[PDB]
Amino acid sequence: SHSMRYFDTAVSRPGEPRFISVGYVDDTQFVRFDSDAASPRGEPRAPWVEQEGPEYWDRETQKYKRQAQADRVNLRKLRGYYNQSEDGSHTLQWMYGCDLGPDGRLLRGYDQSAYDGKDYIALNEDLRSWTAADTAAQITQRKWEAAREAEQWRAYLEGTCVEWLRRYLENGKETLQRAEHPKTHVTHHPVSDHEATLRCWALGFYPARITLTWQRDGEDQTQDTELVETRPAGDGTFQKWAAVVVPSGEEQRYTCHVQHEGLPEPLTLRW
């Protein structure tokens, strides 16, 4: 199971808007573009695109610049669709790309946008029709249906998207196709004469998809004392912890269960 995903953010300024774009293979970033830069270009963020040709990066750059130009117009037109003023600032978000299942055939294709953080228009799983959140979004919908937009995007997602995803995965297999198991341990903190805290740690793992659950005598438990959002370590790996409050002497009842792709089998720890 893999994915290539692009994320664009166009933020209006009171002249040229700021256009930022990022691209990920799975949970690794490999490309960046920022209009607020001195001479904006496509910039690699992973070694397996650093040795691509200069033609490759010229082309990617040209398409980033064209998308920035287009997003200025888009912010204006959205301002028109919702009949908004011009003093306030707004945001256009775009996400598109392809997800391969474990087969590893195309599982899904994505082309969806957002205005002011709200769903705008999204290409459906069929890659043949559109979900518009608003009748205003249906202006765009009818524009695209008249132009057979879904057709072209199906051609890209089923075609060159999966091809360059597979090819990136190839040239970076030493990186992208090696899962790091979580290094795990448990900490303990007496709170009071009645309570203590167990905290189950998972560190240095890749990809970010992981499952941490506390059980009591073999029964999943929910109170807890927290489950924390999976966070980036800063070196390409991720972190997460799950903690629970327990009676101050019954720690042995409580086990921690870790599921991660890089583990040959789910792990069970305890303090």
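The first residue of the sequence shown is number 1, and the count goes up from there.
According to the record, 1 to 3 deposited residues between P14 and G15 are left without atomic coordinates. Mean CA B-factor, 177-185 versus 123-131: the higher value falls on 177-185.
Just going by the entry, 114-122 versus 160-168 on mean CA temperature factor gives the higher value to 160-168. In the deposited coordinates, the residue among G234, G53, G204, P44 with the greatest CA B-factor is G53. The PDB entry assigns the greatest CA B-factor among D71, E145, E86, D99 to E86. When the modelled residues of the chain are ordered by their C-alpha B factor, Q252 lands in the highest third. Among all modelled residues in this chain, the alpha-carbon of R199 has a temperature factor (C-alpha) in the lowest third. The deposited CA B-factor of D34 belongs to the middle third of values across its chain.
Among the modelled residues of its chain, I139 has a C-alpha B-factor that falls in the lowest third, as given in the PDB entry.
In this PDB entry, the Cα temperature factor of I20 sits in the bottom third of its chain's modelled residues, the lowest group.
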